[PDB]
């Protein structure tokens, strides 16, 4: 069925439930067996390069996997297995250079409008229930009473930045723009939870904070923090889409999966070309395509094929406890 080289992918519980077909472990030192129809790798991680080369030489297509957008309770870097994966037979969502399976799903407007009730239900649970990709962080504590601008940091070796046509230099450009364009505001630079855990680095290690430019190094749930801000600047973070769900304006310095559909203030030099390729989409079309069609889910108790709604309910149940 599907060949898996990576031992890290192979150990994902219920891998075959996400892929919807049988899977088998392959060795880098043996030929591709005839019974394998496609090879699955993790996005454009460095670990994917050898299996991608082998697939090309063997005449086999590549499927790219990654975490879903509502993934788990604890962080991926803390060894928590995923409850959702993305499955991409074309490219991968974060690679802006060519269409992905997700881009094509977004463009199928009719298939997305069919899902409008499920989209509205899940959107409401995510925002008002304060859910995200990772779900263990407590809510941010603050007075609910319009002068705060959020600048989102990411992880230094994450491929969404690179394949979104960006790198460390766009993080500096983003911060400088947030400062200059909002001279009366406080600028909050939010550090990524993987970096707060000590497992990864970010893009602002050298930043000298000031009275106006502050570091947010508390691990807090995104929707709770978004209630306290007036607008959001990103390079390629998933936070940008979560900020759209929260009703905030979003400025993008990279080319993430949700840029160039008409819903974001796009700053990248390739924005016009990408917008021409993508066209327009509504927020609910983007949400249905990504969260309901592109992402696949398993049941957190039985392991069987599931849906977003079941995963959300479980994650809310586990939170009350924890």
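Numbering follows the first chain given and starts at 1.
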item	value
Deposited but uncoordinated residues in the residue 145/residue 146 interval	1 to 3
Given 153 to 161 and 120 to 128, the range whose Cα B-factors average higher in the PDB entry	120 to 128
Between the two ranges 75 to 83 and 237 to 245, the one averaging a larger CA B factor in the entry	75 to 83
C-alpha B-factor winner, where the candidates are 211, 112, 223, 97	211
Maximum C-alpha temperature factor, selected from 28, 274, 289, 40	28
Within-chain third of residue 9 by Cα B-factor, per the entry	lowest
Where the record places residue 35 (Cα B-factor, split into thirds across the chain)	highest
Residue 68 CA temperature factor, ranked by third within the chain	lowest
For residue 196, the third of its chain into which the C-alpha B factor falls	middle
Residue 108 - Cα temperature factor, lowest/middle/highest third of chain	middle
